[PDB]
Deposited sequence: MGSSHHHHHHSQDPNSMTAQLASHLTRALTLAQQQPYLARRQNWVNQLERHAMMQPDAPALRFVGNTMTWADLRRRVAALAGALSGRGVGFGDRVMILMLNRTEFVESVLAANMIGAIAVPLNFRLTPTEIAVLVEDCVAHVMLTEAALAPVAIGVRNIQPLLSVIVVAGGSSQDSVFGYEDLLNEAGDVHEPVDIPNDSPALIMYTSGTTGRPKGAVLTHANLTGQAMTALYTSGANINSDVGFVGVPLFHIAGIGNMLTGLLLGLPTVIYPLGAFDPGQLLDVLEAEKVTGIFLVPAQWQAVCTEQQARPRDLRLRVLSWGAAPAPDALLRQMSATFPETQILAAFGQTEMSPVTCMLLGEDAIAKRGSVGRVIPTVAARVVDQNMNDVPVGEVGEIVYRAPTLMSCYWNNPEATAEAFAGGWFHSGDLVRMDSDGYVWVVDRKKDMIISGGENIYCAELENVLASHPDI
């Protein structure tokens, strides 16, 4: 915590000092302690620093859910470089376009995705350093474990330093990458603290969405800040019974699922209960029937149920729906969280009458800095001094936000 910096690199160091043998990460049944994570991170950082990676440089990450993803984000940040996590379903051309946009020379990937990283290099020769998790040093490619075993001088990381470039998936035209600073991420961890709460002694976190997505990386903030372990769940087919078995075994205390998944988990748990430790349940990314919400409360008594709204690559969580208001204000995305300011404006950035439909626009410390090397798109995003969400909403007399939009029919699509 030297130089009075707050970021998850310093947090990693504090935990390796104060609780080396405590669990940091759980992945397919193995445990990585803080001393182990710090040791590997510092080794990968040294390998990157030795191969030209310096402050401000960009490091691509092309991985599925696995500990080397967390290790790579932290290693890049430890030397003040910017991690750029990639949607692993992108074509080699799509990734090559992103490599040119932020001019990144290093890509940390894994064996399953190593042919894709090879293809990106052949299309965009700006990528010269490919490090493959679970691979060996061969074929003009470095082996991840080889670089760690081949072994960093402290770097002052101001809290306004960019920590991540999160590229948006709209991909309509020119790519747009949201730049998130450590201060941004710290504020987003704060939002998790005053909505979900925390128990420093017993909580165990869980990330089951893709770690490249802002929802995955965001589920790491609590764990890394508070020194609590985080279960990394591998990506794959959804099995409600096996997930419940894992939640039981790992003693997980908070999980996010989409409403469809909660229905499959609730009926599986009601039929054959597991001994769970869930304290908070989270849902979102689709509507939830009023029957399901009451079914979840009945299936998991003594647990609070939350639903966040607003988080994108550019925006943090802006609205929160606590379990109390899931019935009184059903259909709502909740109220604007106390660390975010919002207006409902019209085409000319004038506030619309209270209760009317307009675009909700935000001001907050947890908004993205900018779109990387794109002053035009950044200027439009913050047109009039407020971040334009693109979401048509309506606020009522009680401050509850309702998002208006036409639903999608899958059979027609």
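- For this chain, the deposited residues without C-alpha positions form the stretches 1-36, 188-190, 453-472, given in sequence order.
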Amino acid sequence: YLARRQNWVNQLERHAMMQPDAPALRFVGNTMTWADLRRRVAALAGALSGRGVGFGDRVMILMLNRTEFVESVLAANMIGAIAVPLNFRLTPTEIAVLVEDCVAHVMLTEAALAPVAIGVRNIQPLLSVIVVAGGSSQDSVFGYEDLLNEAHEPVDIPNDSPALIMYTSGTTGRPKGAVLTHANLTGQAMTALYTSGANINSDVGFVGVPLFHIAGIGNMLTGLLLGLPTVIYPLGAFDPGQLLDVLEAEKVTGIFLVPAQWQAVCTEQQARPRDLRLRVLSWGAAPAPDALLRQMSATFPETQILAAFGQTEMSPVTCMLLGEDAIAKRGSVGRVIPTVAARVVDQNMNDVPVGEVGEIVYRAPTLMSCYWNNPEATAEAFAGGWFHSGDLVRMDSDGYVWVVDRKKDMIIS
From here on, numbers count along this sequence of modelled residues.
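- Relative to its counterpart among 152-160 and 333-341, 152-160 has the higher mean temperature factor, C-alpha atoms as listed in the PDB entry.
- Here 265-273 and 312-320 are compared by their mean Cα B-factor, and 265-273 comes out higher.
- The top Cα temperature factor in the record, among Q188, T181, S202, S128, falls on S202.
- Per the PDB entry, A286 shows the highest C-alpha temperature factor of the residues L226, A286, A76, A192.
- Among the modelled residues of its chain, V401 has a C-alpha B-factor that falls in the middle third, as given in the PDB entry.
- For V354, the recorded CA temperature factor ranks within the highest third of the chain's modelled residues.
- In this PDB entry, the Cα temperature factor of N87 sits in the middle third of its chain's modelled residues.
- Ranked against the other modelled residues of its chain, the C-alpha B-factor of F238 as given in the entry falls in the middle third.
- Among the modelled residues of its chain, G50 has a C-alpha B-factor that falls in the middle third, as given in the PDB entry.
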